[PDB]
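Structural features, examined
These are the residues of each chain, in order.
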Amino acid sequence: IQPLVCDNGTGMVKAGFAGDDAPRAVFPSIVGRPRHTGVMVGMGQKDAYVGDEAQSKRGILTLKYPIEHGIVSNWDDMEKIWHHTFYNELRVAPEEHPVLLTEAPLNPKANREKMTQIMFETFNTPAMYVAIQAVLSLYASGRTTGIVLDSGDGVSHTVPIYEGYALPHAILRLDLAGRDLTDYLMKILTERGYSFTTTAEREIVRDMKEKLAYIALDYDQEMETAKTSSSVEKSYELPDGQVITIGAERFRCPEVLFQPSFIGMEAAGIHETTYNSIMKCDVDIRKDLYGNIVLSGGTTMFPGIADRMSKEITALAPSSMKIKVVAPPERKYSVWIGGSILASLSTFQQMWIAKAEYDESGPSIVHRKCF
Amino acid sequence: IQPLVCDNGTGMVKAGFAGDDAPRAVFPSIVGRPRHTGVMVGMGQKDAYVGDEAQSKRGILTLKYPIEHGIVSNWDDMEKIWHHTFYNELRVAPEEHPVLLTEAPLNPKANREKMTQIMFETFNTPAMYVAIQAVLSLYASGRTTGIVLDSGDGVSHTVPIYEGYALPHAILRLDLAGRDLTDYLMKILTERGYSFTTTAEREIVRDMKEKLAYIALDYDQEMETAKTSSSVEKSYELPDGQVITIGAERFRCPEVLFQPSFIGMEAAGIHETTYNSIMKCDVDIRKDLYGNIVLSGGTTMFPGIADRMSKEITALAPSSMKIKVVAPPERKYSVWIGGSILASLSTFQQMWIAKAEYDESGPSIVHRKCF
Amino acid sequence: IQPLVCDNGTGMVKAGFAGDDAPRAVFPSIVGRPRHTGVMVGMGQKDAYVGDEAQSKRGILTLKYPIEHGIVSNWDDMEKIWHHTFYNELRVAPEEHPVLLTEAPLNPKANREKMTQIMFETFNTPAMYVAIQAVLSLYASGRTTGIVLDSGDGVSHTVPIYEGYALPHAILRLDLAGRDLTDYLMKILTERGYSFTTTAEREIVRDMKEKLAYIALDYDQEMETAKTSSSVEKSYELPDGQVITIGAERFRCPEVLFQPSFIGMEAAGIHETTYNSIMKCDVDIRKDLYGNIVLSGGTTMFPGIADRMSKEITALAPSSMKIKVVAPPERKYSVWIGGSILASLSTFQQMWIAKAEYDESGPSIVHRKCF
Amino acid sequence: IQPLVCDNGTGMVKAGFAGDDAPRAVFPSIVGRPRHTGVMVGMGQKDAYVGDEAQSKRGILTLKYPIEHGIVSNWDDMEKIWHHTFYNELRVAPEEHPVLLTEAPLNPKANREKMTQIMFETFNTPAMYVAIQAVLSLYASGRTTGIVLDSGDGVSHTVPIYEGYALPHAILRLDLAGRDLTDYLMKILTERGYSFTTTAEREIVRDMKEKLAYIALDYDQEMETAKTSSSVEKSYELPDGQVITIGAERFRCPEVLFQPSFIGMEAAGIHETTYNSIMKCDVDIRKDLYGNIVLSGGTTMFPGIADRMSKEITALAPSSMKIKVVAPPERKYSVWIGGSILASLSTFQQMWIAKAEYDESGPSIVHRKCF
Amino acid sequence: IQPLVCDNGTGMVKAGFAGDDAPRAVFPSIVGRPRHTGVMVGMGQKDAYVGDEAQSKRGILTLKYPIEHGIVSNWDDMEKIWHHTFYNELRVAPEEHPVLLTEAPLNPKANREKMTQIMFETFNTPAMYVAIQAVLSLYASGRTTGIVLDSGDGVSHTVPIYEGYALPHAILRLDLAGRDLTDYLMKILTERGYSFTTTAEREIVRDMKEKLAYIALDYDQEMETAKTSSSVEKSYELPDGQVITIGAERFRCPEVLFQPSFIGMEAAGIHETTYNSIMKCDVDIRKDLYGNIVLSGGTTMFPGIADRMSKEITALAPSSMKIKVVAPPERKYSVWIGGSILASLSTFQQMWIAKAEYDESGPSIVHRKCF
Ligand SMILES: Nc1ncnc2c1ncn2[C@@H]1O[C@H](COP(=O)(O)OP(=O)(O)O)[C@@H](O)[C@H]1O
Ligand SMILES: Nc1ncnc2c1ncn2[C@@H]1O[C@H](COP(=O)(O)OP(=O)(O)O)[C@@H](O)[C@H]1O
Ligand SMILES: Nc1ncnc2c1ncn2[C@@H]1O[C@H](COP(=O)(O)OP(=O)(O)O)[C@@H](O)[C@H]1O
Ligand SMILES: Nc1ncnc2c1ncn2[C@@H]1O[C@H](COP(=O)(O)OP(=O)(O)O)[C@@H](O)[C@H]1O
Ligand SMILES: Nc1ncnc2c1ncn2[C@@H]1O[C@H](COP(=O)(O)OP(=O)(O)O)[C@@H](O)[C@H]1O
Ligand SMILES: [Mg+2]
Ligand SMILES: [Mg+2]
Ligand SMILES: [Mg+2]
Ligand SMILES: [Mg+2]
Ligand SMILES: [Mg+2]
């Protein structure tokens, strides 16, 4: 009876039972299709590889995320990911457990409504609820007032909350996330002389982004130090044994997250995003929001992102307020942990919109906006 | 058996037992309502914040004084303040102690009568009495003849008294008080370039009025000195660390209390108010009223208001009479102290109109006009 | 010798000679800066695009209004707009004609004073005057008593006037204007699934606001009708040929102007703004102000705003007084027409503060407060 | 003093003086080495044949392009091509004229920097500049806004430009070009039964690609017509008198340029390449880029490539925008003509980085990114 | 009902029933014609000797392989080999069993189509299929991912396969095979002084190639050791008792297979062939192809060809990947064994194109490209 907490994130799908501490199913939301063979059912190799099988057969597939910046945009491959999780990764009938789902804020209502329609009509979910990822990360942080800055690979949204009482009029969202960081690493590794153009090469560049790239404090001084051949240069073994010496491109990929004009995404920086979310909030809230700024999402796992977020809000904020950038471990999993917290909550048990209630009112039930 | 002395003032509610020297419950009469969330009982955050809790959650609330210039005008939030005091601030059953209540003079009789009705029928008060604030401040001043000039944030009323023998035909009341001073500080800080429009910003402006504003002697000479950048300029830290340099707006807010045409309240100045209350009194009373003019209420806590009241009555009075402007400390609390004096008085124990007497005669009992 | 009437409005700058009927220069107050190229003077493309040139190059620029809610806040780009008008749009030496300027009421005095300083010291204006926009719109309405309700894209201020005799103590100002309507249309088109985040997309959303949005009578009944797919849905061609079907978002953008809590601007509605400006005025003035309420500014060009202003003041006013909501054509240009009227007036020729008088008294001359 | 414009293209090297209309030196960038004899200096036949001499001795040589997809990858044979041009083809001392050089965009910086090092240190160039081929082709097209789609035998890069103001964040590059078309013609002539495996046979296949292959409109209908023995079949005389009847292989070689999955180059088609370069650009730029799409490079000389580019962007673009595929004559030479235009420009005379300036700053001068 | 598996190889024709382990008919594909007598039917000696009879009468015949590098090029003698097999070697009616046929990849389609036409119209085959030899050798190797390097006497083709999913865009073929090795042994035995010019002498040279020639590790060091008269010299008895001492010509015949420039076949070496077939494949496939490289065909029966293939791919591959050159026994027969595996497969029973289906669709059926 432990309800399912499926973090339906952009990059990877995290899923597991409520009341746990780590998801069982941790695998990327990738559906792979072959590119140099026939789809004959007769010999019948397969047709589609989902997640870790797609990661194994990464070479002969056309890997494509079905979702697009939170918008699902492709229902068939998404549904393939759904039943693949439910019947191969967690191995439970979907009518046995309720399904608590996650999303990015400010989504088009057709996405939430048709996702509810598929969960209720294809899988016959007993009951469900769709929650914002940032409120879940705040509940997993163990506090009541903070700003949760999630940036999960398609989105980068900020949400301020003050002792509960969620503020819908200062939630704001960007598009600069880890996908653009991967594409910028493609555009910047062309300077070294290494061709990266395919989806397998895309996943290799994404792996180099995860394991190799750090973030500096002063970008200009670090560019000054990246003139002599110093310790900023580093090698990396490719899966065919090839070695790439990555020099100044270590720190100049997370520089996009604080200078979005380097890829031409005309928007504010993430520090300016959070500071303007503070400025949209009124006074007497700011003192409790300058001191509990909380990072979340997997793209806050850069080494030194907290001290880059410090000295930069500090330049924007007045210099008499405590700038307490809080970045815990398991920032990848904070949304799932908060979903497991709310799914275990007895007070939350009023919020499970049942399929019976879906047949009672109709598909317009999913925008009642309660907690 | 010590009866309750509840100063039901406009700005803050002062309450405490009789025979004390300071009220236990000192908190503003503010009921706050949320403005960016739902009022769902299920999660059930709260619904209303009263006084100091509203002062803590000042940012996310719509703060609103229920009372209006002495007229209560909103019975539900006022009743919320009543039981919040009686069960959270003083922590006593209201049938255990009698309740001595305060009011501004010349109120509409429905306010006093329905307040008596709520104290007798909702709370089951054993006995009560409603007294004028100025007579209480005179009894706390320790004299028998004087003019008490109370101005408590919605009202500014003057009462002359001569050795007892309260004069109902020279009591006169205005509306110019600290609320209009706060709104004038909003209108005058727009010249500096600081937006103040919300109720949280209203309370911040009220705090600046309390802690920063003094009152001059000659307003024209002080405007003459407020042309060079001199010591009249002063800074102030806001709760988000913002700094406002307040220059000539220090002294030009209490200038409204002696020039009410600056906000368009077409009435007499407070000095002209008191002088005309003297002129409404007959001769052989004036000599004992020019020498015992007593300030009271929290809006007489401006630095130098006594010497501004001097030289100004002196210009109105003939120059052969002692103009003795008396302004003690605890002018905020003088009404409560006089209420504690009368509530301790054995002679006053005839005046406690009981709920039994309320059932004896009816709701018209509250206008017998005795001492 | 025809003096310049420059409507220095928030959205667009209207300017022309006195004694005319329409401004020659009608172009938005926008200074554009490039975002994907170098500012090398050698090839020297340009550096800044002003107004209609910025509107032409809307795609490759960072369009930014220099002004901010009446406050100019950026003197260099504003000065660029000034000399661009004077030397490209009207083509006259600024010392040849006097310059009558417009502003929103309750501005910080540094804005008016430094604007006068730039007009007198950079351009060498012969003489000038700064007038409130609402008094100009009343003079262009051809009446002597009314309430002018201007809402020009950064401000929304109301001014009551009774047979001349301007009342400074009932003029009141808000911040809810067309800029917030554009940002709310961004926040509400995210529900349809159309990304609008850049300044070019901002101007496209502003164009859709001008050409597509109407205003309802009963918002709740119109939301009731916006459940079936009815004629409230409508398409719009984007400059790349894209088509957006706008349904209930037609009428729910001007709903912000009568429900400012939908964006969290905690203030009164525009109807409550005007009604409270009436209540700040005394009786015997109200009968001549309930019958001559005059709309002005470009954001009163919504279809049906007069009948929305009716039935809503009528619910606030007593039901025995004529509620005559007057909304002429050319409400965009009414401030400029009234400026052309006063600039043609021989009686007004005492009010032209010359640069010689600026050197006579000093920069404190601009607050003498005469008509 | 007419500076050298050397189109350093992949296939052939075009070079000539500035201010002309056609290059003097038009010969392929091929260095040939013997394969059935000794390299004895004693008799001393030769050692290497460059370009047209290699084309004459095509049979007994191992013909090899030194460059590789824009990357030079072989400095000695490239330097042989350089001095062979400068001393046999144009016959001028390289210190007499400045050398304007061309390249494909997104090259590894070592290629540009060491090419500058060789031009400055081996040849002692007086001054130089390296320009993108697409900007040169746009300047030779005589317009200011367009998308130049160059595909010169190793690369196929698209560049959007809007009234100057070069956009570095929508330039994107592929590898599918004429080299892969030649290798696909080898792989597809094996079906006819004609062995092509050597570099002489490679050049013969390249000549058949130039002179024989057209491009269809509907590939499926043209495959339908290529079932009956129709006029799509055609003969060709080889240099030994052999005759090959080429049937459906006429049109199915440029089909690779619009179906890159036929050789397994997992990327977008050239139409999808240009359409995604449009989509990377923002709106208000697209209308001026759907109407001025410009082809360039020698591999746009297929018969009917303009009408194949039409009806295919039209299926991708919305059907309300003018799709004006512009394909001039001399698309081979457009880069050289634009180089002759900029090399004649007096405004461009600031951009000639001298060898003196190379000794001033150092070899890092070649990435200042100015026009 | 066991279907025929006829390895239609270049050198010898292997044929036998499915489900066996060795072919019954193992004889060379040679048709012999007399050269010193008349073809009179009257006495009627014979006219043509096929295979082993031609091998017996090797002296008085003009032995000629009908096939040419996979291309059959002579239909009458090939048809003689077909019915000679079917009626003298296996002794079964061809309509009794289906016939699974083998071929080299990239053949001209007329060869496959007319071979199908002869099998269906002359012999009346019930059903058939034509498979690539390398896929058969991989299925006989018992793995799913590898590179099969077949070199059967006319061809030398490499095919990479990854868990099924056959890659048509990295299959590549040469012409250097055992025929050229035999002709090079003719050209190199002229140095010893032994005339070999006839087809009988050709078969004797081929027998010496099979039984006498090994392959070295370092060719230069083995040439260094082939200066003193050492154990590299060896004798051989000819069928007339003649003895040839073969010295350095032992190892210098398979040196052609790794140095194809010694006969002037301008192509890559077999190690460079396989390495470039790896490079044509993408990454994440290479690790499973560097470790399962599989030799096949009879010309991989040289002593030490595995250790020559090692240290040579190892010099080309990076030195951090396992180079596992796998060379089983029965590399001659691996194609036939894999054909017997697929001909026994029940899943493969969809692939038997019947003569009925040949009359259904037509002769274009043989290019449907399924497994
Ligand atoms: N060590 C790391 N450093 C920087 N980024 C990381 C690291 N590990 C993971 N990431 C980023 O986190 C992403 C996956 O986490 P997350 O954003 O939570 O997925 P989702 O998109 O589902 O929210 C990866 O795409 C990667 O970009
Ligand atoms: N130091 C001060 N200077 C000027 N005014 C003050 C000061 N302290 C308090 N006040 C005024 O006193 C008010 C509260 O006191 P009081 O008038 O007694 O409340 P009530 O309205 O209940 O009578 C505040 O609203 C403030 O305007
Ligand atoms: N047809 C229309 N319907 C609604 N609003 C309009 C219309 N036309 C113009 N507007 C509004 O009027 C504004 C420009 O007029 P105005 O407010 O006079 O400019 P300013 O800010 O200079 O006063 C635009 O920003 C737009 O928001
Ligand atoms: N008539 C033609 N039809 C198709 N392609 C052609 C034709 N003429 C030339 N080409 C192609 O143009 C190439 C040479 O031109 P170009 O691409 O400008 O050289 P570069 O590689 O130097 O840019 C040749 O390799 C050939 O592939
Ligand atoms: N012991 C051996 N050493 C080297 N090569 C051999 C040996 N035995 C056979 N061969 C080669 O194998 C060839 C026959 O095998 P194979 O290539 O399978 O025939 P096919 O051409 O039908 O594929 C002979 O022509 C010979 O060149
Ligand atoms: Mg995630
Ligand atoms: Mg009080
Ligand atoms: Mg305007
Ligand atoms: Mg070229
Ligand atoms: Mg064989």
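Per the deposited record, the coordinates in this entry were obtained by cryo-EM to a resolution of 3.9 Å.

Despite not being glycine, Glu330(B) has its phi angle at roughly 55°, a positive value. On the basis of relative accessible area, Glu330(B) is assigned to the partly exposed category, the value being 44%.

What follows is about the sheet that holds strand β10 (residues 172-174) of chain A. All names here are of chain A. Pairing is mixed across the open sheet formed by five strands, whose spatial order is β10-β9-β8-β11-β12. Bordering the open sheet on either side are β10 and β12 (325-326), each of which pairs with just one other strand. Pairing geometry for strand β8 (residues 145-150) and strand β11 (residues 293-296), over four bridges, is parallel. Directly across from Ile147, in β11, lies its bridge partner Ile293.

Here we come to the packing of aromatic side chains. Evaluation of the coordinates by the stated rule reveals 33 aromatic pairs over all chains. Between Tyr49(A) and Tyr165(E), the ring centres sit 6.3 Å apart and the planes meet at 75°, which makes this aromatic pair edge-to-face. One end of the pair, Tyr49(A), is in strand β5 (residues 49-50); the other, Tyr165(E), is in the loop between β9 (156-162) and β10 (172-174), on a second chain. Residues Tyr49(A) and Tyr165(E) agree in their burial class; the two are buried. Here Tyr214(C) and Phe251(C) contribute two aromatic rings whose centre-to-centre distance is 6.4 Å and whose plane-to-plane angle is 40°, an arrangement assigned as tilted. Residue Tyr214(C) is found in the loop between α6 (199-212) and α7 (219-225), and its partner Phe251(C) is found in the loop between α7 and α8 (270-280); the two are separated by 37 residues along the sequence. The exposure class assigned to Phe251(C) is buried, which follows from its relative accessible area of 0%. The structure contains a cluster of three or more aromatic residues connected by ring pairs, namely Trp82(A), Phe86(A) and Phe123(A). The ring of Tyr219(A) carries the charged tip of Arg308(A) above its face, separated from the ring centre by 3.9 Å. We note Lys14(D) situated over the ring of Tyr333(D); from NZ or CZ to the ring centre the distance is 5.5 Å.

Bringing the interface of chain A and chain D into the picture now. On the chain D side, the residues contacting the 16 residues of chain A number eight residues. Our count for the chain A to chain D interface comes out at two salt bridges. Note that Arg35(A) and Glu266(D) form a salt bridge whose closest N and O atoms lie 3.1 Å from each other. Summed over the shared surface of chain A and chain D, the result is five residue pairs in polar contact. Across the side of chain A that touches chain D, the residue classes tally to three nonpolar, nine polar and four charged.

Take the interface of chain B and chain A next. Tallying the contact residues gives 23 residues for chain B and 23 residues for chain A. In this assembly, chain B packs against chain A so that about 2,100 Å² is buried in total across both faces, 62% of it on carbon and sulfur atoms. If you look at where chain B meets chain A, you find three salt bridges. A salt bridge links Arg58(B) to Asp284(A); the nearest nitrogen and oxygen atoms lie 2.4 Å apart. There are eight residue pairs in polar contact connecting chain B and chain A. Here the side of chain B that touches chain A takes three residues from helix α6 (residues 199-212) of chain B, the largest share from any one element. Tallied by class, residues from the side of chain B that touches chain A come to eight nonpolar, nine polar and six charged.

Look at the two chain copies: a rotation about an axis and a shift along it is all it takes to match them. Mapping chain A onto chain D calls for a rotation angle of 167° and an axial translation of 27 Å; the resulting RMSD is 0.0 Å. Interface residue correspondence from chain A to chain D reaches only 6%, placing this contact among heterologous pairings that use different surfaces.

Residues and elements named next belong to chain D. One open sheet holds the five strands; their spatial order is β10-β9-β8-β11-β12, and the pairing between them is mixed. Looking along the sheet, the strands with just one partner apiece sit at the ends: β10 (172-174) and β12 (325-326). Sheet topology places strand β9 (residues 156-162) next to β10; three bridges connect them, and they run antiparallel. Its bridge partner lying in β10, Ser156 is registered against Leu174.

This next bit is on the site of ligand 4. All names here are of chain D. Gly11, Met12, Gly152, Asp153 and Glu210 are the nearest of the 16 residues found near ligand 4. One of the backbone N or O atoms of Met12 is found 3.0 Å from an oxygen atom in ligand 4. Between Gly298 and ligand 4, the recorded distance is 3.1 Å, taken from a backbone N or O atom to an oxygen atom. Contact with the protein chains removes 93% of the 570 Å² of surface that ligand 4 exposes when unbound. When residues of the shell around ligand 4 are traced back to their parent elements, those giving at least two are β2 (12-17) and α6 (199-212). No other element matches the three residues that α6 contributes to the shell around ligand 4.

Next up on the list: the environment of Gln45(A). Among the structural elements, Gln45(A) can be located in the loop between β4 (31-32) and β5. If near-sequence neighbours (up to four positions away) are discounted, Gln45(A) is found in contact with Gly38(A), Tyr165(E) and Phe371(E).

Here we come to the nonpolar core. Counting 60 residues, the largest nonpolar core has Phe196(A), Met208(A) and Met309(A) as its most contacted members. Setting aside anything within four residues of it in sequence, one finds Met309(A) in contact with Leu149(A), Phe258(A), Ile270(A), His271(A), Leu295(A) and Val325(A).

Residues and elements named next belong to chain C. Taken together, 16 residues form the shell around ligand 3, and within it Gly11, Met12, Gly152, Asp153 and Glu210 come nearest. A distance of 3.3 Å separates an oxygen atom of ligand 3 from a polar backbone atom of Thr10. Side-chain polar atom of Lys209 to an oxygen atom of ligand 3: 3.4 Å apart, as the coordinates give it. Within the complex, the protein chains bury 92% of what would otherwise be the 570 Å² of accessible surface of ligand 3. A per-element tally of the shell around ligand 3 places α6 first, with three residues. Broken down by class, the residue content of the shell around ligand 3 amounts to three nonpolar, seven polar and six charged.

The rules we used
Residues numbered from 1 in each chain as written, not as in the entry; some residues may be left out. Chains lettered and ligands numbered in written order. Heavy atoms only, no water. Buried < 20%, exposed > 50% of the residue type's maximum accessible area, 1.4 Å probe, protein only. Pairing = 2+ DSSP bridges. Helix = DSSP H or I, 4+ residues; strand = E, 2+ residues; numbered from the N terminus. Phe/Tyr/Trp six-rings, centres within 6.5 Å; stacked < 30°, edge-to-face > 60°. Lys NZ or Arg CZ within 6 Å of the ring centre and 35° of its normal. Contact = heavy atoms within 4.5 Å. Salt bridge = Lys/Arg side-chain N within 4 Å of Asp/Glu carboxyl O. Polar contact = N/O pair within 3.5 Å; in protein donor to acceptor, adjacent residues only side chain to side chain. Nonpolar A, V, L, I, M, F, W, Y, C, P; charged D, E, K, R; others polar. Buried area = accessible area lost by both parts, 1.4 Å probe. Least-squares fit on C-alpha atoms. Near = heavy atom within 4 Å. Areas by Shrake-Rupley, 256 points an atom, 1.4 Å probe, with all protein chains shown as cover. Core = buried A, V, L, I, M, F, W, Y, C linked by side-chain atoms within 4.5 Å.

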